[PDB]
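This report refers to the structure that appears directly beneath it.
Numbers and lists here come from the model and the stated rules, or from a named source; nothing here is a laboratory result. We place every Cβ from the backbone using ideal geometry, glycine too, and count neighbours over all the protein chains shown.
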Amino acid sequence: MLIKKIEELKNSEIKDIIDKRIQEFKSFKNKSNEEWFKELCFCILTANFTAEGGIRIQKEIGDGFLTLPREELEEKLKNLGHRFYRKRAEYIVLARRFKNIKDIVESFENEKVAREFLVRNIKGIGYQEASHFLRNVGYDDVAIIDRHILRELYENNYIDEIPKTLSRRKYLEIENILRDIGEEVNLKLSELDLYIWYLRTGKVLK
Amino acid sequence: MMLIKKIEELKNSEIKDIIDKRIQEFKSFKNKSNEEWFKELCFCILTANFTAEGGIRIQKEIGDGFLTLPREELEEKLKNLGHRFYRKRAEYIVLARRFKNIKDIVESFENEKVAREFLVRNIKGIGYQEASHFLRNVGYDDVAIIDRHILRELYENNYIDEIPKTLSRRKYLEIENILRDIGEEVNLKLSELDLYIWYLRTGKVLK
Amino acid sequence: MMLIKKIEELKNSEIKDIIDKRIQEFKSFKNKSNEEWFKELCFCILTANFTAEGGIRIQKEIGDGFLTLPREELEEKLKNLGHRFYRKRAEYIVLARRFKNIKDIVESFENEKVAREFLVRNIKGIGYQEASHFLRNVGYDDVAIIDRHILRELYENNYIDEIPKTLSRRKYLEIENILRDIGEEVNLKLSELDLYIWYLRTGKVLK
Amino acid sequence: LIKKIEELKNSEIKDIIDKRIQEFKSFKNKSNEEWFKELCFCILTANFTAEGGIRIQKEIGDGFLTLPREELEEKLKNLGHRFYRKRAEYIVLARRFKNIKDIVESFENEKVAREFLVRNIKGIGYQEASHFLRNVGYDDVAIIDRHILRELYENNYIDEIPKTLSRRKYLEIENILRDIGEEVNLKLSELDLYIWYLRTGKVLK
DNA sequence: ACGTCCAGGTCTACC
DNA sequence: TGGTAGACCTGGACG
DNA sequence: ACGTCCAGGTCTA
DNA sequence: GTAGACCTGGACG
DNA sequence: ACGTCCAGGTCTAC
DNA sequence: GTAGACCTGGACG
DNA sequence: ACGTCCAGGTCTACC
DNA sequence: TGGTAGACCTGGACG
Ligand code: NA
Ligand code: NA
Ligand code: NA
Ligand code: NA
């Protein structure tokens, strides 16, 4: 079933948007360290939150993610109506240790290894949001596994149950099921995601 | 307790001034830039199984080059500067550049002991000996440099029963502890301390 | 990994029988009076910073003396029978006599972990270790005895990064849980598990 | 170190060593057959145990002299000696000097006699030759084995545990000890028992 | 030798 | 609070 | 007189 | 945990 | 447990 | 001057 | 209405 | 350990 649904989206004029988006990421090969970092923050802000809200907050704050004091930045987040302003603001500041994120990430063996580094070395980033970062900046063979695509995987029965938790072991299992699915629909991991996400919500945000 | 006898022997000499101004030299790194810090990390990598002064010279000649120099070029520089392991050390140095702002990364940690834990497992080229070396050099007080010299100095006074071929983190941590006890006894920080014991051996107070 | 290996080969050795005859020696406390249990509780108080062997004869020579002998005479016996702390341990034993029906008090508690909590804050001389040691010695399994020894090899086998100064309740229940997983990876209750781990370093199977 | 030895000359141990040193002197009146059994004992102590060789020397007894090659190798084999084959061979070959007492005594001193033994018997080098001579009553040869050597380096008398204790080694060390000797006022033989006991807490031979 | 090392921790008293 | 330095205290093993 | 031993360890398989 | 690999010039007798 | 540690060196070749 | 060989059997954790 | 639902998780403390 | 509970924390649409 899921296969069928995606097949027709690849046909529908939705495929036209997903690739203005997929390439919207690829262009990060020509973006600055601040931009890349601003994307990392977007991921940190997105966890257990809303994409729309995340987009606003990002555009509204801009390079404030990289110049605002912990107390001043914290307040702005309070303004734009973010669920968790205290915590997420703490992560932003703390993350500045790696403000040259583009150079740090582009220097790893691959993407699977780079993801490993962000998780354990950035408070606020698990596998969900690291995969999200990598993707949003050009990376194809990583999967983002949040509530939604979980739901489409439990629903279409690819997974037994919606895990009370997501160990690294499980994330890499599922991410693979996702990978094998994408060979049939013939999409890289970065693309597929947007497709399943769109089904679920009805928006090719990011 | 002969070592100790020789330690206080030094504390009451014109050597204490040299060491005391040497320690102050490191403590000034609190104001230096990320560059002056990365360039110090490299010096350590250079000094691994090499000459202390041999690494002091190369650091002078290359200077801000540790940041810019490409692989094949920096290799030429080193190869010409007479370093033993030009290829390998050149390799490591370049990789370390992914942390070209090594100050933001180090000061972000809660304590030096944990900061070392990071450096040791994210920078190929750095183990405990040369991270302790690194940190100490940029102004931290509570870490020990457990090289060959201070090792068979300990050993030579029965602080240990053998010179182990390789140092386990548990092994290095245990040895360090041992040094700190001397530290308390003689009243000095593992930073100060290390310059002393090092001097009892070689006769020079470099770094 | 090595520790895991040492264990199972013991489970196949002559030792897998001495420990077993020993484990059911504890379970047989379900059919003993308060006094016999108290005698055990007393044995554990004697063991704090002392020998397991020593506390076994002292309890055998003194027998049911922990219940009748006045302080002065008890301390005297504990002095003659050569106990490290003949005064303090003599005091604890007397104060505990306000629970000389210890069996009725312990079995009353829903379980074991909750009963252990009662022994610790309500009896001088009994900390978390010599509390778990008592319950285990009277037939309880899901509690670990974390003494100088089982600490030595947990640290030697890289399970913990240090031998802590003193064991806090959180640190105890934490390490106790580290042992609890070690248990299921070889299939042994903490009680039985303890004896294997203890025989490794001491080379004996007492209690 | 010297402080420790003084503590020993104080203890009951000093009496234990006096009666032991006098057990060696008795060889002045023992037979060629006896002097040889000690020689064999010393051949069974090289890279082996002092206590092990003792019981072996006691069980085998005069067997070192009358048992055929293969027979002697069996008793050594059974008595759990590390090297039954070789030691039996060394013992058998040495039987050509069965009247070892006559030969040793005929020499000028101990220093020259030991030289003959070493060169003229397979299985015997300096330590064993010294060991031998000490055991029969001779007083100024040092036995340099793993322990008296251990003690000497741990105490900064020598600087390396030489891989190969050369004759030129054995004798520089032997001289050092002889100087450690005047410090405490002991014969090389008495001193060896003192140093050995420190290492081993046993005082046999 | 004589001193060092070491045994299935728990307690008070301090800040 | 809750983490920690000192007190309790002795006999045997071992170089 | 040319050969040996020494220098602030770390990484891979 | 460990040996081989990385690599060189330099002072000593 | 079983694998390493350990014990009063001497010989034979290259 | 120096590896390999001779060769094992108890203790120990 | 206004009490429910829901949104691209991850960290700490605890065992 | 590595899993689990519980915190972080709110707005906006539903009906
Ligand atoms: Na993280
Ligand atoms: Na490293
Ligand atoms: Na208590
Ligand atoms: Na010979």
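Candidates in segment B:44-62 are the residues that are part of a helix (DSSP H, G or I) and within 16 Å of ligand 2 (Cβ to nearest atom); of these, the one that is nearest to the other protein chains (Cβ to nearest Cβ) is B:45.
Residues checked against (1) away from ligand 3 (no atom under 15 Å from the Cβ); (2) closer than 18 Å to residue C:167 by Cβ:
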| residue | (1), (2) |
| --- | --- |
| C:43 | yes, no |
| C:55 | yes, no |
| C:103 | yes, no |
| C:119 | no, yes |
| C:145 | yes, yes |
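Yes or no: segment C:176-191 includes at least one residue that is assigned to a loop (DSSP other than H, G, I, E, B), free of Cβ contacts under 8 Å to residues at least 24 places away in the same chain, over 17 Å from the mean Cα position of the chain (by Cα) and over 17 Å from residue C:27 (Cβ atoms). Within segment C:176-191 (the criterion being assigned to a loop (DSSP other than H, G, I, E, B), free of Cβ contacts under 8 Å to residues at least 24 places away in the same chain, over 17 Å from the mean Cα position of the chain (by Cα) and over 17 Å from residue C:27 (Cβ atoms)), the answer is yes, since at least one residue qualifies. Does residue B:74 qualify as being without any contact (Cβ under 8 Å) to a residue 60 or more places away in the chain, closer than 27 Å to residue B:205 by Cβ and more than 14 Å from chain A (Cβ to nearest Cβ)? Criteria not met by residue B:74. For segment B:157-166, does any single residue satisfy the condition of being touching a residue at least 12 places away in the same chain (Cβ under 8 Å), surrounded by 21 or more Cβ atoms within 10 Å (Cβ to Cβ), away from chain A (no Cβ under 14 Å) and in contact with a helix residue (DSSP H, G or I) (Cβ under 7 Å, 6 or more places away or on another chain)? For segment B:157-166, residues touching a residue at least 12 places away in the same chain (Cβ under 8 Å), surrounded by 21 or more Cβ atoms within 10 Å (Cβ to Cβ), away from chain A (no Cβ under 14 Å) and in contact with a helix residue (DSSP H, G or I) (Cβ under 7 Å, 6 or more places away or on another chain): absent.
In segment C:112-132, which residues are within 16 Å of DNA strand L (Cβ to nearest atom) and either under 18 Å from residue C:39 (Cα atoms) or surrounded by fewer than 21 Cβ atoms within 10 Å (Cβ to Cβ) (or both)?
Of segment C:112-132, the ones within 16 Å of DNA strand L (Cβ to nearest atom) are C:113, C:128, C:132.
If the condition is that a residue be within 16 Å of DNA strand L (Cβ to nearest atom) and either under 18 Å from residue C:39 (Cα atoms) or surrounded by fewer than 21 Cβ atoms within 10 Å (Cβ to Cβ) (or both), then C:113, C:132 are the ones that fit.
Inside segment A:63-80, can you point out the residues that are in a helix (DSSP H, G or I) and either within 16 Å of ligand 1 (Cβ to nearest atom) or more than 14 Å from chain B (Cβ to nearest Cβ) (or both)? The answer is A:63, A:64, A:65, A:71, A:72, A:73, A:74, A:75, A:76, A:77, A:78, A:79. Screening residue A:54 with (1) crowded, with 18+ Cβ neighbours inside 10 Å; (2) of a type in the set (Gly, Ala, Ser); (3) without any contact (Cβ under 8 Å) to a residue 12 or more places away in the chain gives one miss only, at (3). Scanning segment B:30-43 finds one or more residues that are part of a helix (DSSP H, G or I), touching a residue at least 12 places away in the same chain (Cβ under 8 Å), within 17 Å of residue B:84 (Cα to Cα) and not assigned by CATH to the domain that holds residue B:183.
Name the residues in segment D:123-172 that are of a type in the set (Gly, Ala, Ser) and within 16 Å of DNA strand G (Cβ to nearest atom), would you? Across segment D:123-172, the qualifying residue is only D:166. Mind checking which pairs have a first residue in segment A:81-104 that is more than 10 Å from chain B (Cβ to nearest Cβ) and touching a residue at least 24 places away in the same chain (Cβ under 8 Å) and a second that is of a type in the set (D, E, K, R) and surrounded by 16 or more Cβ atoms within 10 Å (Cβ to Cβ), Cβ under 7 Å, 6 or more apart or different chains? Qualifying pairs under 7 Å: A:82/A:88.
Comparison of B:183, B:139, B:127 shows that the only residue that is on the phi > 0 side of the Ramachandran plot, away from chain A (no Cβ under 14 Å) and in contact with a helix residue (DSSP H, G or I) (Cβ under 9 Å, 6 or more places away or on another chain) is B:139.
Counting the residues of segment D:1-22 that are touching a residue at least 12 places away in the same chain (Cβ under 8 Å) and farther than 23 Å from residue D:158 by Cα gives 6.
Take the residues of segment B:9-28 that are exposed (fewer than 15 other Cβ atoms within 10 Å of the Cβ) and within 15 Å of the chain's Cα centre (by Cα): which is farthest from residue B:199 (Cα to Cα)? Result: B:27. Whether a residue is acidic (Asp, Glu), buried (at least 19 other Cβ atoms within 10 Å of the Cβ), more than 16 Å from DNA strand E (Cβ to nearest atom) and more than 14 Å from chain C (Cβ to nearest Cβ) was assessed, and residue B:194 passes this test.
Could you list, in sequence order, the residues of segment D:38-62 that are outside any loop (DSSP other than H, G, I, E, B) and of a type outside the set (A, V, I, L, M)? I'd like the intermediate steps shown before the answer.
Restricting attention to segment D:38-62, the residues satisfying the condition of being outside any loop (DSSP other than H, G, I, E, B) are D:38-43, D:50-60.
Passing the criteria: D:38, D:40, D:41, D:42, D:51, D:52, D:53, D:55, D:57, D:58, D:59.
The single condition from (1) under 30 Å from residue D:153 (Cβ atoms); (2) touching a residue at least 12 places away in the same chain (Cβ under 8 Å); (3) not assigned by CATH to the domain that holds residue B:64 that residue B:169 fails is (1). Screening D:151, D:128 for residues that are under 17 Å from residue D:57 (Cα atoms) and either touching a residue at least 24 places away in the same chain (Cβ under 8 Å) or within 16 Å of ligand 4 (Cβ to nearest atom) (or both) leaves exactly one candidate, D:128. Filtered by the rule that a residue be within 9 Å of the chain's Cα centre (by Cα) and within 16 Å of ligand 4 (Cβ to nearest atom), segment D:131-143 gives D:131, D:132, D:133, D:143. Every condition in (1) in a helix (DSSP H, G or I); (2) closer than 14 Å to residue C:3 by Cα; (3) among the aromatic types (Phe, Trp, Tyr) holds for residue C:172 except the one numbered (2). Only residues that are within 21 Å of residue B:39 (Cβ to Cβ) and among the aromatic types (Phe, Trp, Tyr) were counted in segment B:133-160, giving 2. Return yes or no: is residue B:84 basic (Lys, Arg) and either over 26 Å from residue B:70 (Cβ atoms) or within 16 Å of DNA strand L (Cβ to nearest atom) (or both)? Judged against the criteria, residue B:84 is not a match.
If we only count helices (runs of 4 or more DSSP H) wholly inside segment B:83-155, which ones have 1 or more residues that are within 14 Å of DNA strand H (Cβ to nearest atom) and aliphatic (A, V, I, L, M)? Break it down into steps so the answer makes sense when it comes.
Numbers: elements: B:86-96, B:102-107, B:112-122, B:128-138, B:148-154.
Of the helices (runs of 4 or more DSSP H) lying wholly inside segment B:83-155, those with at least 1 residues that are within 14 Å of DNA strand H (Cβ to nearest atom) and aliphatic (A, V, I, L, M) span B:86-96.
Take the residues of segment D:158-204 that are hydroxyl-bearing (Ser, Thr, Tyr) and in contact (Cβ under 8 Å) with a residue 40 or more places away in the chain: which is surrounded by the fewest Cβ atoms within 10 Å (Cβ to Cβ)? Step through it out loud before you land on a result.
Restricting attention to segment D:158-204, the residues satisfying the condition of being hydroxyl-bearing (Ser, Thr, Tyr) are D:164, D:166, D:170, D:189, D:194, D:197, D:200.
Restricting the remaining residues to those that are in contact (Cβ under 8 Å) with a residue 40 or more places away in the chain gives D:170, D:189, D:194, D:197, D:200.
Working: D:170: 21, D:189: 24, D:194: 22, D:197: 18, D:200: 12.
Once the filter is applied, the top-ranked residue is D:200.
Restricting attention to segment C:27-55, and to residues there that are closer than 13 Å to residue C:134 by Cβ and of a type in the set (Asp, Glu), which single residue is nearest to DNA strand I (Cβ to nearest atom)? Lay out the reasoning, then the answer.
So the first thing to find is which residues in segment C:27-55 are closer than 13 Å to residue C:134 by Cβ, and the list is C:29, C:36-48, C:55.
So of that shortlist, the ones also of a type in the set (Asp, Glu) come out as C:36, C:40.
Working: C:36: 32, C:40: 27 Å.
If we take residues in segment C:27-55 being closer than 13 Å to residue C:134 by Cβ and of a type in the set (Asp, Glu), then C:40 is nearest to DNA strand I (Cβ to nearest atom).
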